Every structure is written in structure tokens, then in C-alpha cells.
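Student: below is the sequence, then the experimental coordinates.
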Amino acid sequence: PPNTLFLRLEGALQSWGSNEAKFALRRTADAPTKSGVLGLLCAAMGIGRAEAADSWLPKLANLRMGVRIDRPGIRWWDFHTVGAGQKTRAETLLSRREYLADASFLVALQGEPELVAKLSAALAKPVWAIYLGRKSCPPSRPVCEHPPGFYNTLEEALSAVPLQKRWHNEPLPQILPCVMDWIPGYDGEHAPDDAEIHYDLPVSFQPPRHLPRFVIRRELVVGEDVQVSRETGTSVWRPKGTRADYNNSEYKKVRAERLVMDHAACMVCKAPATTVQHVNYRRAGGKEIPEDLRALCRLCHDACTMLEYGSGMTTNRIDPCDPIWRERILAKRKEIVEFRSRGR
Amino acid sequence: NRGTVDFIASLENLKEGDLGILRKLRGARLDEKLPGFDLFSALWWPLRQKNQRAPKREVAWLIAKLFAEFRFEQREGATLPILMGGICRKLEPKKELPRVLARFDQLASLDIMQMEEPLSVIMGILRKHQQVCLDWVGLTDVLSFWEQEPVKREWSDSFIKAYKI
Amino acid sequence: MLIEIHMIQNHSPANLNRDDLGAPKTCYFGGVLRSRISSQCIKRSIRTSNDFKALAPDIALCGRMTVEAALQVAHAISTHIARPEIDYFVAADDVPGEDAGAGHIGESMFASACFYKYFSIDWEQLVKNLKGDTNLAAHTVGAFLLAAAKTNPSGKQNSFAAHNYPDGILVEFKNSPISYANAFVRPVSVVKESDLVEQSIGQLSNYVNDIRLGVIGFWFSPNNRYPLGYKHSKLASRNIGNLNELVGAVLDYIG
Amino acid sequence: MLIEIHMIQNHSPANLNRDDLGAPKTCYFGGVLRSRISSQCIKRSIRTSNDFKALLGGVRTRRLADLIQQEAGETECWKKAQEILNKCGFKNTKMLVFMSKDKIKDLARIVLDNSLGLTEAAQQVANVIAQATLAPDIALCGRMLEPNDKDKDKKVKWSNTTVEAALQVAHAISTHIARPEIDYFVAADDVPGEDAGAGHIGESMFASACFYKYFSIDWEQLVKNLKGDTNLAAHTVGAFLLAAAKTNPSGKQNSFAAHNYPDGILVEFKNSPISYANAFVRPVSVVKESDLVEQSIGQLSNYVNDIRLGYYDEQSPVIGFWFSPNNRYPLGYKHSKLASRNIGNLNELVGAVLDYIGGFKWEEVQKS
Amino acid sequence: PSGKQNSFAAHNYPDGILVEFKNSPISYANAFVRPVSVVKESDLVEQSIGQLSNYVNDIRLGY
DNA sequence: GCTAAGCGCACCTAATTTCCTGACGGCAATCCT
RNA sequence: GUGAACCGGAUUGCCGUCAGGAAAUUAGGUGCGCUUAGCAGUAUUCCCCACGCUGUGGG
Ligand SMILES: [Mg+2]
């Protein structure tokens, strides 16, 4: 029943090279060529160099497809120096290679249902490593992300799949290009004046022989036929939360529980205790368990807070339960008695 | 934002002797003097308990010391890169203006525990030009939000648009 | 089945890859400019190295004259906005003359970046071009881990001795080849309480916290310096503190 | 066999390195600004250090004809030296040429001052310049030279001038966030006037930071560069250690006399270079207890423990010596007992690393 | 230095002068990397000379 | 066994000048004869 | 395996070198924390254990 298969092509870089490149200058096309997506599917099935040649191209090539450009990635040129010989000699081969940076494509191939089912099954199970046209460009989103469906035409299939926002506040293209294989309509019907030639129909793949094809572009407008999706995640990391409060009900029960086994007694000077102090803030706010809390008196909790404020104590506060942190606590508590007015 | 406006109001309601003990505490921490820590506790602990959006300890201490030192009234729409930046139009553009601009430029590269001295010289430049009002609330919520780049970005181009008028 | 290796490596200020004009190589991602190390740079750095040199191994890992090598690397996209810098040098004449200065009196370019580096191996084809030598393939995968853990691009390093080590390696054995570059569509903004590598690893952790919601993962940080996921949540299958036991666990999972 | 030197050095307010505009060199590391000292400045200060006069043996000059003419009391030969150098490949008073000093003196005097042919004399001069690579500073810093093929005659051939560098120096980055500071200076007029104004007004730029310095020496490449004379290699290593510990870059030292000595040196012996700058990815913030050198040494010890408990080889143990003056700053203050040989003397440290290198004592190797 | 000495007559003579003769220039500023905290029973000058002596002894023994 | 009201100031002035460096140094191969 | 697979931009380097921010300056004028009080001449002293219920083992 589903006659359309969908491919999601997104990565950090991608390069679907055009016809005018097998010299040292090796440029790219603005959209994925038919040979590129056909090769991606051939790797997903996982047949050999000549096994594609032996009656596999026209079964995937008569599938009149479309490619939908979500966002336009910019053309980045990489300065590639091949070492040539590093039989060998000190000569360096010079090259510049074009890549599409930050672009997302959706490719909808329309064909008979069983081929689409086999293509989706092989897309979920790539027997070989698949990439974005060049081996150094692995995909950043799953190629089998969007499920297949049944659609009468290429336009309905390419307008059904939504456009996914990577983050919450990013500029989206109001106008969205779509490039499809030219539907001949009725028998005859010579190609219109806007039909451009494109040498990307594979008939042999070692060495690559490409056949011309007619390629036509429509425009889609988002918000009426292409709809956005939800964010479905978080972008920033934002490490965990400090600043436990002092008025929530879950605080007072733990605070009163810690005042029991300590018998309302301080821990450094053994005075009658009236408050509690925290040792670490790994758990805070309301989530507190009574093994990292120290029952402290009024005159020494203030000294502890006087000492931990700017010592860079981060999370693990002053423990009154080790000898290392204690000997200066008494020296501190010497002078809170000395200068505070007792008189809220 | 709640917790900050009442902090500014309680700082403005402080009397002269309390501001004096805050003035003497300027330049150091609050672990070496008792009444500074008692005052910070009195002005922080109940407002920390009452509101979840209380400012962070060290930025609140910095703003308390700076308000004790300089004592400018709270007024909306009078943040630092507007007032300084309108001050930066009346100076000699080739020598003096780059020097005051570098004085304001230094502020973007400190952490929170040495920040009070370049702020002090900037507010001294403000005091030398008879500036009575400062967005204390605005200064403290952009200072407590110092961990991000967009906040320093809007700080900076606010200075730019104050300069280009 | 595919072995995927996502490595986070913070490099000290240097120039590991140079373009035609001497700048650090630069890519475009997340709607901002990133520092880039080219794939072939990392490939040749891993190859031809006595750290790795210690049917034919390393012909299957990186091909040579229809090999279709099992291991390929992605371009090292930085987790943050690239910060290229001018370094001004002079070369003294070191002979007393009436003037001063003799050298190029030029300017070099350098940048420091935290790189996400993606590596993918297919196991089945790596066995296939090794003629069924499963033990040799396991040994050469362990050798890949050992080398790529401690080999840097041997670019301009005499004047910029950048020999930093990765602070985080995630190894999974998932179904489809996915790169986590989409984790860093956000450039990493640095906060006062956390460092750059911790924030980058946290962004990776918050991104692998998704995808599973809508496979396994071995996490390596030196002596658990950076834990993947600052919680007790089931996000990393095994938090591993040493590289040797990471390689051992991966090898005993494979065989 | 790689010798690795990791030093922690706290400096007084100073301007050791400056860019075009007279500002201290700054680089972004970990997303924050860090004060930077260029590796070329450190290499020059090491080569022009007082612990290098008995070891300095290389000149990198474009005024080679001046050097060749200087060994001639009455034999005036400067235009012919310039002509033979111009035909050698240099195009002018030349490009920068690096080779030994006694070599250029003696060999160029006996070659180019000789009344003989012209093209093959240039070939002899080129052979002398290229083959003169027996100097330990040339062996450490490295050199390759390429002459202009246009001005050179077609009958002059050049041999391999590529000297592989056995020394890798990193740029000294601060362990904390960079603190650029401005010094407003005037210059008073020594004669009085009716106006009382300065002769000049300017702004110098200075910064005080705790720098992390990184050096790496390849012993096999060093003994390949200096050939089989391993005594000179040990002398070079000891002179390098003494110069790196006891010499500062000669920046604005007359106005900023910052000659502080490093509080911590780790000399590690391993076959793979390790940069501990990732210890200071998180900037060092000061606290009430301890100081900046103590905090930086603690962070460095934490990272050293993490690396040893992380990247570790049973086949090649990691081993290093820790330096502190009279054991003032220990490395593993809490738990990291990794430094086996905390050493409180520079000569003892040099002797220990020379003994690990082999059967060498410092007094024995101070004769080559 | 004669900077505002008419309003701040600070003509205090040095409390300690260490004159050393050596071939290489060394400096003792690193003694005061940790700031001097005044205790009640001692002095700022006394503690400054004590820290300077600690660093001088350390440098003399290790360098 | 432990109290409670009421009361908390504003006006004046906030400055002037002048000086702000120069010269020197800027590389070459090698990527079809 | 897809204008694709195999594929470094390589190395040679002190910005350096000269410098007082300098001379001038009262923070002054005004001020009550203050009005009430036995640590004790008793009438339930908060109690767990125990005496024909007023001794007895103590929190
Ligand atoms: Mg106590």
C-alpha cells in the first residue's frame, strides 16, 4: 500500500557533485542529484559495484522522485591537498572541493509498494555505511526517520512531511523549493521551456556513466501546505540546580528529623541546637535525605555560614564532622560573641 | 521581577550608620568583619526565604557595597551604558574617549569577586558628572545573569546606540 | 552492525589544519562559523604513525587502490563559535647591524577549539576484507582506539605544541549511522561555574537523552572526570574511567 | 624517548610579549581570554640565555657577507661575497640564512676569498651553507631553507637543507582569565617651561598571570641531528633545562623587572607528548585559603592523576620528577601520590634526568 | 616618589633591604602571591619579611 | 510566665591646561615538460 | 559502497627599544529612647515506675 519512500538527508556537510567536476576542481550541486540518492539506496540494500549495473538502475530510476529543500546550506570550499606520492616522488596534488553546509533535504521516491517496503527495510538496516554523497559526510539525522506512506503524486508526498525545527527561535524559509523529475503527462508532451537538463541518471556505475534527465522546480509556501513541528528536546545543557529554599513543607520534616538522633545538640560545641546545616547541595530544594545534614546551634550555624560564603566551597560545604575543618571554626566563633549587639 | 525590587527598596531604606558599616567593608569579603555579615544576613535571609527569585549572594553583596559607596537613586531607564555613553559623547574622541572606553571595556572580562573596583571607577566617573539616577534593579538583574553571552551583547549594543544618537 | 565513536577533544591554541592562506580550516554549522579539522587530516594523522604501526591490517581500516575502507571520519566540527587569531612574529637578524629585524615580519593564524569527531566502523565488511580474521579485526579495532585516543593532527606543532587528550569518548553499537553534530547546533556558551568540555559533554548527554525517547553506550572519561549525564538516569550503559578497560569491554562485547 | 617539561610560572606585572599595537598577547582557550607568551619568544630567550653561551653555535642572519668580510684584516672582499651569495640564490641584504658561526667564518674565508672560478665557487658556498648543521641550537629549533630559483644560476644545485626540529614549545597560556591592564605614562621635560607639560603621553599595556609552559624534546631526533656525539646531546638537554628554569623573555624588562622563578617543574619521560593545559580549561578562581600557584598546582595534580589513572600503559610506565623550591609546594596534597621523586634542587633535578637519560653526569657532559 | 607628598607626607624609610650579588637576575615577588593576612599578635611588616624569608630560603635551597 | 506607639531633615557648590615619537625589518617551492 | 571510493598545506621566526599624571583644596552647620515591673508567702508540679491510696526505682 505505501507507494512513496522518504529519505532525510541532513548533516554538518554534504556534497552532491554536478556534471562539470572530475578535474581537480570538484564542485557540488544545490540539490541532491538522482545518482546520489540512488547510490545511497544501493548502499542501503548493499549490492556491489557491478551488481547495481546488472539490472538494478532502471528499477530505482523509473521512480519519478522529488527533492524538497528545507533550508539552503551555503557553499563552503575546502582546500584539499592530495599527497599523490608520500614509484613515489615529492609532488603534491592540489584541489578545492565544494560542500553544502547546514542544509536539510527530503527525497520522496514514488514507485510500486513492494519496492518502497524493501527500500524502507534496507534503510533501517544499512549493510554498508551510508553517507551524504561523500564518504567524509555522515548523516546527522536518521535517513529512515520519516515513515513511508501512500500518496498519489509527488507534490502531496512532499507536502505531507512536516518541516522540523532544530531549535525554538530560528528563521525558517517562508518559501521552500522542490525539484522533481519531469512528469511527462500524456504521451508526447515535449518538455516545457523551464525544463533543465541534468546528467544524473545512472546506467553504469564503474566507470560512472550518467544519462541526462529533465528537472523541474516548484515552490511551496510554509504555513498553508508545509507545517512546522515541535522542538522535541532541549538545546542548552544548564547544569543542575542549587539554592534550596527555606519555606517549603518538605524542608521542615527533614530538618526536624535530623534534630532527633542529634538530641537537639550542636555538633562542634555541643550546645542546645535549634537549626540545621547542609554538607552538600547535590540534592536540594525539597529533595533532601537525612545523612548529609548536620544539626547545629544558633551561634555556630551563623559562624559556618560566615565561613562558607566566599571560600569557593561550591557544593560540598563545611563539615563539622572532620578534624581538618574544625580548628578554625572555634577561632571564628570566638568573635561572633565579641561584636554582635544582642538586641527582631 | 520579584525579590529584586524589594531588595533595592530595603537598600534605599537603610540609614546612614548602616551605610557607613557597609562603606568600611568595601574592598574585602564579609568573613573578617561581624556587622557586615550580620547586615547581609538581615537584608538577605528573610528576603531569600520569602521569594524564590532572590539574587545570588555575591552580586547582592557587590550591589550593596556599591550602593553604600555611591548612593544613587533608583530610576527606570537609566542603566549604565546609556548614562555612560551619553557621557562618552562630550569627550575628546582621539585620546580621552578611547581611555574612558577602555575603562568601560574592562568590565566584560571580570568574574564576580573582583568586579567591584572597575565598577567603582566607572561609577566615580558617573559621580564626577553629577549623575543622580541609576537603574539599580536593571544593573543587578543583568549582573546576576552574567553567565550568558546575549546579556553582554545587549549591554554592548545599548552602549552603541547610546553613542550614535 | 556499526561501531560509532563520538570523541570530544579540547585542543590548546594551535593551527592543526591549514588552508591555502594559512588560516585554520573553518566550516559552517548551527548558523555560526566553526573551526574544522578535515577528515583526511585526521585519517593521515592516524595512519603512518608508530603509535598505530605497533589480509593486510590498516589497508582495510583506511583504503588504498574498490577497498571501501571500514573506518571513515567526519570533519571535526567545533562545539562553539570559532575564534581565529593573528599571531605576529619577527625573526631577529642576530648579527649587530645599523637596523633591527630581518625575517618575514609576517603573521600566522591560530585557533583553539573543542572538536566533536565522528568515527564509524562497519564490523561485517571489516571482517570481509580481512578474510575472516576476526581476532585480527578485533586487535586492529583496539589499535584504532589506542591510536585515535592519543594521536593528534601532526600539523603546525613545533611552534604550537598542542598535545591535549580527549576528555570524552562515547562508543555505541547502534543500527543506523547517526552523527550527533545536531547536538551542537547550539554553540557552547561558557558559564562561570562550568568549563567548555563539561558543557559540550552535557550537550551530548542531553541530546542522547532524546532519540531514545523519540541500543547501548559506553562512556569514557579519564578517571570519571566528566560523567555523561549528571544524574542517576539510564543514559550511559557503563561509565568507564580508563581507556584500556574501555577497549576491553568493547572487544569482549564484539568478541 | 620523549622528555617533557611542564612548568608553572607566576609572573609580576609585566609585558613580555606584545603584538603590533603594543598589547600583551592574548588567546582564547576554553572560551575565555588567556594571557599568551609566544613560543618563539621562549625559544629566543633560551637560545640567548646565560646558560647557553658555551653551547650557542648558530647564526640566523641575512648579512652573511658582513660575517665573511669580518675575518679579513686587509683583504677587502664584500662585493664579491655579495655577488657569490646573489648567485647562490638569495635575491638582493639577502633572505634569512641559518647555519653555524665558526663554519661560515672558516669555510667561507677559505672558499669565497680564493681566486678561482665563479659558478662552482657558488656551488661550494651553497654546499658549505647547507651542510653546516652541526649546532645544537639548530638541532633543537630546526631549519629549512629554499633559495630563489629565478636569480640562482642553472648550474648551482642545493642539497637537503631540512633540519627536523627536535624541540616543540607551546605558547605559555595563563591558568586563569586574562587581565589586560593599561599603564598611563608621561615623559617629563627635563628643562622647565611656562606651561609644565610632559614631553610625551602614552599608554603601555601589561598583564600579570600564572603561565603554564610546555616543552617537548625528542631524544632520538636530537641524537640524529647532532649525530653520534651523545655527550653534546646531554649537554644540550642540561643547558635547555637550566635555561628554561632560569631565564625569562627579554620583553619590557627594563621597565617591568619581572624575573620570577618557576614554582613547579614536572619533567616526565614518556614516548607520547601530553599537554596538561586541559587542566586549566576551567579558569582558576582565587579563594580565601591558599594561593594561585597552590590552586594551579592542585588542578594540575588532579589532571595528572586523572591522566595516569586514565591513559596508562603497562608496557610503558609513566614517570616524572616534581620540582618545588625546598619542597614549598607539594603536588599531591590530598591523594595523588604519583610524583615519586619530589626534588628540591635544580642541579639534583638535572643530575636525575641525566642519569635517567643514561650514564651521564652534569660535570662530565659540560665539556663538549 | 614626589606624588602628592604635599598632601600625603609619606616619607617612610624601607623596613628591609636585601642586597644580593649574583650573576642572574632573580626576584622575590612570588613570595607575595598569597596576600598577607594580618593576625593580631604579629605585624604586616613582620609577616611580610617572614614570607619573604620563607621564599628566599626556599629559592636558595632549591635554586 | 517574655510589652508596645510614635517619631527617622534637606540646601549649597562639584575646576581648570597641555604635552600625545621616530626609523627599521615584510621571506622563498611547489603543486605539466 | 558514489562526479564517487583511495586523499596533511608541509616546515624555517624575540616587536623591540624611550618615558613621574603633575601641581591646588575644612564636610560643615541640628538633635533626651522613653514611659511599666517580687525569681517567688504556698492551694495542679509535666511526669514514667510504686505504698491500706502518704514512703519508694528516676526522665
Ligand atoms: Mg557549635
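Tutor: In hand now; what should we look at? Residues are numbered from 1 along each chain as shown, chains lettered A, B, ... in the order given.

Student: can you give me the buried ones in the strand or helix carrying residue C:127?
Tutor: Per DSSP states H and E: residue C:127 is located in helix C:123-128. Neighbour-count burial for helix C:123-128, counted by 16 or more other Cβ atoms under 10 Å in any protein chain shown, picks out C:123, C:125, C:126, C:127. The way it works is simple: take the backbone N, C-alpha and C, and place the C-beta from them, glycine included.

Student: output the contacting helices and strands for that helix.
Tutor: In terms of contacts (3 or more Cβ pairs under 8 Å, 6 or more residues apart in numbering or on different chains; DSSP states H and E), helix C:123-128 is packed against helix C:134-149.

Student: what does the helix it packs on rub up against?
Tutor: The set of residues external to helix C:134-149 that reach it, using Cβ atoms under 8 Å, 6 or more residues apart in numbering or on different chains, is C:3, C:5, C:7, C:42, C:46, C:49, C:51-52, C:57-58, C:60-61, C:71, C:117, C:119, C:121, C:123, C:126-127, C:130, C:165-166, C:169, C:243, C:246-247, C:250-251, C:254-255, D:311.

Student: among those residues, which are located in strands?
Tutor: Under the assignment DSSP state E, the contacts of helix C:134-149 contribute C:3, C:5, C:7, C:71, C:117, C:119, C:121, C:169 to strands.

Student: what pairs with the first one across the strands?
Tutor: Under the criterion DSSP bridges, residue C:3 forms beta bridges with residue C:121.

Student: how about the fourth one?
Tutor: Taking DSSP bridges, one obtains residue C:121 as the residues bridged to residue C:71.

Student: close to chain C: what parts of chain B are there?
Tutor: In this structure, chain B approaches chain C at residues B:111, B:112, B:146, B:147, B:148, B:149, judged by Cβ under 8 Å from any Cβ of the partner chain.

Student: dump those residues to CSV, plus distance to residue A:129 and secondary structure.
Tutor: As requested, the residues of chain B next to chain C are arranged in CSV below (distance: Cβ to Cβ, whole Å; DSSP: H, G, I helix; E, B strand; the rest coil):
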residue, distance to residue A:129, secondary structure
B:111, 46, coil
B:112, 48, coil
B:146, 45, coil
B:147, 40, coil
B:148, 39, coil
B:149, 37, helix
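
Student: one step back: tell me the buried residues within the contacts of helix C:134-149.
Tutor: Burial of those was assessed by neighbour count (16+ other Cβ under 10 Å); the buried members are C:3, C:5, C:7, C:42, C:46, C:51-52, C:58, C:60-61, C:71, C:117, C:119, C:121, C:123, C:126-127, C:130, C:165-166, C:169, C:243, C:246-247, C:250, D:311.

Student: the closest residue to residue B:79 other than its chain neighbours: neighbouring residues, count only.
Tutor: Here the nearest residue to residue B:79 in space, its sequence neighbours aside, is residue B:135; by Cβ to Cβ, 6 or more residues apart in numbering or on different chains that works out to 4.2 Å. Burial of residue B:135 is recorded as 20 neighbouring residues (other Cβ atoms under 10 Å in any protein chain shown).

Student: in chain A, what residue comes closest to DNA strand F?
Tutor: Of all residues in chain A, the one sitting closest to DNA strand F is residue A:92 (3.6 Å; Cβ to the nearest atom of the strand).

Student: now swap in chain B and tell me
Tutor: For chain B, Cβ to the nearest atom of the strand, closest residue to DNA strand F: residue B:95, 4.1 Å.

Student: wouldn't residue A:266 be in contact with residue A:302 here?
Tutor: No - if you go by Cβ atoms under 8 Å, residue A:266 and residue A:302 don't touch, sitting 12.0 Å apart.

Student: which residues does stretch A:177-196 contact?
Tutor: For stretch A:177-196, with Cβ under 8 Å, 6+ apart as the criterion, the contacting residues are A:31, A:34, A:64-69, A:154-155, A:158, A:213-220.
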